Structures are given as C-alpha cells and as structure tokens.
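Before any questions on how it binds or moves, here is one chain, the form solved without the ligand, in structure tokens.
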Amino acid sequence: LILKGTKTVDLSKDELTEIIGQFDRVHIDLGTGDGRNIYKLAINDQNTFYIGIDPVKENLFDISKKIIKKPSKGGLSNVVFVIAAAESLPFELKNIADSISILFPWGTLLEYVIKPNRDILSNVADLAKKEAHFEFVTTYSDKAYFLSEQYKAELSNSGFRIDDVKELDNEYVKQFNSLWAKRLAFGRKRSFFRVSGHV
C-alpha cells in the first residue's frame, strides 16, 4: 500500500526487496506527515532508501506528486510513502530498517511514544534490523521524565535502548522543512525532546 502521486497502488514484498537492493541503508519515518522531513533526508543522502509512513494520504499528495517527477524537476529515486498506521504496520517492513524516526508526532502516535505504549512501540521495533538506530522527537506544551528509569525500562521492554536524551529549542527545529515543524519552530518559545538510542 503506497502512493504514486495521488494514486494508491500495491507494492509486494518482492518488489520492495528489489528496490531496497540498490541501497546500502533503509530508514523509516513513522507518522511522516506531509513528507517534507523525509524529502529533505532523501535529497541529501542518495545512499539510503527512505520510507515515510502515514495513515492520512491527503497530506502526502503534494510531495508524493513531486518525488515522482523526473530528477530534473525535483524528483527522487530513494523515497516511497506507505499508507499505514502504527496500530497496524505492513508485514513487508518487518526487520528491514537500519534506522527509525518519529518526528513531531501528533494524536495517538504521540501518546504511544510518550506514555509509552509498549505494545505499539513493540510493533515499531519489529521494523528495525538488529543494529537499528532510532530517534524520537516530541513536544507537547509551548527532560527528566524521558531520563527516568521507568520510561527507560518501558521503552527497553519494547525493544528501544535509550542512549541519549536531549532538549532542543526552536532554533534547531527551524531546520525542518515540515510545515508542521515550522509552525512549531516559528511560534512561542517551546521545548522539544529527542530520545535516541539503538534497537
């Protein structure tokens, strides 16, 4: 279940394996949103295949129509948008990612990362390969909680070993091309949190 411009089509496990073959790394961005964060990641690193997952295709149409253009007009060969939700990830993505990111999640996905929801995070952990680097960047209102043993033990029980926790400012977030990230970055002073480590 992927997007070819504004049209939804199927991609089989084989086809995907074939594509991933021409790359040394595969990164997955969950709840990718409007696909801009992923777009910038890919354009700056042609040695990685980027998979942006999101349950709402309407928000992906623009970038989706753009990545499919010829390279001369902003097209990209290392991107694919998957239409799925954290509650039910596609089995084809099992044990495939070298790295995973969840950037500025909203709604239920934010809840799953913050609570945390061990079951849901467990399913996300299944998308990563043995190595697997991960990054969770969140914000709620405009750091000790994430460094607590409780949160650390729960994420660990889900397959996520925290190596670092950092509090980022608007200045940093101003770097993201996401319209959602920019609204967040350009507004009131706000606190951002990045929990990162390995699977």
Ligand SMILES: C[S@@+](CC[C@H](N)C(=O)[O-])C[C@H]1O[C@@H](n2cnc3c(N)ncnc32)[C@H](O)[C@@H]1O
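Numbers for residues come from their place in the sequence shown, where the first is 1.
What follows is about the form solved in complex with the ligand, which we do not show.
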The one option of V113, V80, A128, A86 with any heavy atom within 4.5 Å of the ligand in the deposited complex is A86
Going by a heavy atom distance of 4.5 Å, is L121 a contact of the ligand in the deposited complex?
no
Is the gap between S64 and the ligand in the deposited complex 4.5 Å or less for some heavy atom pair?
no
Considering non-hydrogen atoms and a 4.5 Å limit, does the ligand approach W106 in the deposited complex?
yes
Is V56 close to the ligand in the deposited complex, meaning a heavy atom pair under 4.5 Å apart or at it?
yes
